[PDB]
Every structure is written in structure tokens, then in C-alpha cells.
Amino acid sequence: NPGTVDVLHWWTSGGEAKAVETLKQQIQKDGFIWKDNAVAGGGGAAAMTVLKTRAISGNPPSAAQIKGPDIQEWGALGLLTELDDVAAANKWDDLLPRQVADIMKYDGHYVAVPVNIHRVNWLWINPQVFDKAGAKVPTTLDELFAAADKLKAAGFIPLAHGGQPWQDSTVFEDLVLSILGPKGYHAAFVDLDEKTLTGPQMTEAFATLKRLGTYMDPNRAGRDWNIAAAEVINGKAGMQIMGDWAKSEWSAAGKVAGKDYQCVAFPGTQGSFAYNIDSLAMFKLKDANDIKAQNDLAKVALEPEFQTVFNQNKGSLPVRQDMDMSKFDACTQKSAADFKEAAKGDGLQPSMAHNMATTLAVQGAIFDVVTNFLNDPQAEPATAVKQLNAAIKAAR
């Protein structure tokens, strides 16, 4: 017709839209139609709502942004197409880290293609604001609170943080990873180990979340992750606890590491890398030309020029392993090194708040407990760990 590529995704902020624009361009350059279904919401709950309808509609999208264990559900439903021929030709097993390749498969077959590797456990710092505040870039939880104290004394928003469950739980899983360490983190969120979920360290994670919440804006509720990023970019806030999609906002605003921002591992998580892999699950299509388009999309995703330009704009690492890393920024090169380090040990771990560690149902119970707790200044950590365990059990 020539064929139309319809991807359902939630890349809509200033930076993320710059990244998706690279994909629109490549598809147009290849001679297919780009016809976007961008559904705005950060972390993707809104997009899923739209997907829950389109998926069974009779006009499924070509691909949707579906990650983690949730792919297994779409795979199990028989809604996704197997990508055996494209994966064989373009050598996907060779190009992708094994830990990532396994996630893309249903019963042995690729049914989704990854595009990136986000790290979730970053802290973003405005060095000009830290210098005005006489604050020090934190390496520990104690240093984090010291910087926060100083930022507050100096008149700044200490912690730029949007009030949405997925953001609350990004911060919380940072704290779990910080305090419990990667192995204990693994036990809580992957294995859902009751004893770990209700133990003293998890309890202390809630205690720390509560104090951290005493440095957040009282009126943060409903504030998108880009509004919080912007508070830092504009010099109103010292820091934001956010994954490296946050960098797409910095890069879109023309900013440079060192001078305008710094990226540091979330305090006490050095050596651990909380991954989030954006991936596009490919639905079985009926129309012949849209099938050709879908095959083109599947080709493009791991092409090295696309992997480069998409990820420079996106904030993430490329998922393809043979990449000239010198073409990316210093923070992205930090992330690669830290990825490598983490992946040798048990530091590499899936993000719970970004759909890699759990099913969406279990994630939902976690979100509700974390957010209900954070939003009640007088709530007891000992109570929070009981509810966490009970709600998780109640979800599966």
C-alpha cells in the first residue's frame, strides 16, 4: 500500500518523542507508512489500557511496547507472531545479551524485539545548584540526606519527585536495592520470598522511604516525570531519582554532562544495575503489506545506525552488543561499564517498577502498598511490610 507500521508506545515527552522520531524517519526512509499510536502516560499504564482494547480488536497494532514477564501473557494468548526467520538472519542470539534474549521469547521463539537497555538506579544532579547549596554529590544514604538538607536550607526543591505510583516505586526499589543489596532485592521482587519481603531490611527500606518523603513537595501528586526533570534542568531542584530516560530531557534541552548535570549510581547501589528493557512485541497481522512493514520494523530495531541514533536521543544504552560506544555520551558510557561490572556478579537485576521482575498484577499490589505508605506521613514501616506480603499473595 506500501504497508503501515503502527506501534503502540508511550514515548511522548520532549526527549522520548525525539527518540521515536528516529524510528518514524527510518520507517519512512524504507518506504512504509508511519502511523503512530502514542499513548501518553509515564511508565505506560495508560498505553496498556489502550492495548487491552486494540489487542483483541481486529486491528491490533504492528507492535506494542510490552516488557518483561508480561510478554509471556501475550505469547500464551497466541496473539504474537514468531520472528524465527528475521532472528536467524540478523543473528539475534549473537547480538543480544542472553539475559535479554530469553525475555523476548515465548516457548523458544522470539515474539518481541528489544531496542535498548535502560538503567533505572540513577540519581541526576545539578552541579550548579549543588555548588550554590555547598552540597556534596552523595555516595551513601547518609550523604543523600545531607545533600537534601543543604538543598532545602539553600532554598531549592531538595528532591524533584512526581507523585505517581510508578515513580514512588522507582524510588522505593532503589532503596531496596541500596539496603538489601542485589541478592536480597532478587529474593524480594523476583522470588517474592516472604521472609525477605517482611524482614528488618525491607522494613528499614520503608523507614528510609518515609524520611525521603519528608523532603518531597507536599503537592507533587499527579506530576509527570518530565515536570520533575525540568525542575532540575531549570535549577529549581538539586536532584531527581530517575532512570536514564531522564537524560533524554537533558539532551533535548541542549545540556552537557559535567557542566549542566551529573549521573551517579543511586547511593549504596554502586555495583548493581537495575535494568529496564524496552521491547516491541509483534502481533500477528492479517494484511500482506502491513506484514512487510512489520518485517521492516523488526529489521530496523537492531540495525546499528538506528541503535545509535535512537539511544543517543532516548538516554539508554543500545541493546545490540557490537556497538561503537564512543558515539554515545559520557553518562551512557558510564552505564555500559557499570552494566558490564554488574553482569559479572549478581549485581544485574530486573527493575520491578519497570515491569522486568514481576507480572503486572504483582507489580500493581506493590505500587499500591508503596504509594499508600509514602502518602501517609504517620504510617508504620512494620505495617507496610505485612501489607506488602499480603497484597502480593493476594494478587497471584
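Residue positions are given as counts along the sequence shown, with the first one as 1.
For the pair 5 to 13 and 378 to 386, the record assigns the higher mean C-alpha temperature factor to 378 to 386. Looking at mean Cα B-factors across 93 to 101 and 307 to 315, the upper value is held by 93 to 101. Within the group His161, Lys210, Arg320, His186, the record's highest C-alpha temperature factor is found at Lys210. Sorting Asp70, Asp338, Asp329, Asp346 by the CA temperature factor given in the entry leaves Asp346 at the top. Residue-level temperature factors show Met356 in the lowest third of its chain, judged at the C-alpha atom.
Ranked by Cα temperature factor within the chain, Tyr106 sits in the middle third according to the deposited record.
When the modelled residues of the chain are ordered by C-alpha B-factor, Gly58 sits in the highest third. Residue-level temperature factors show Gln294 in the lowest third of its chain, judged at the C-alpha atom.
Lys136: CA B factor in the highest third of modelled residues in this chain (values from the PDB entry).
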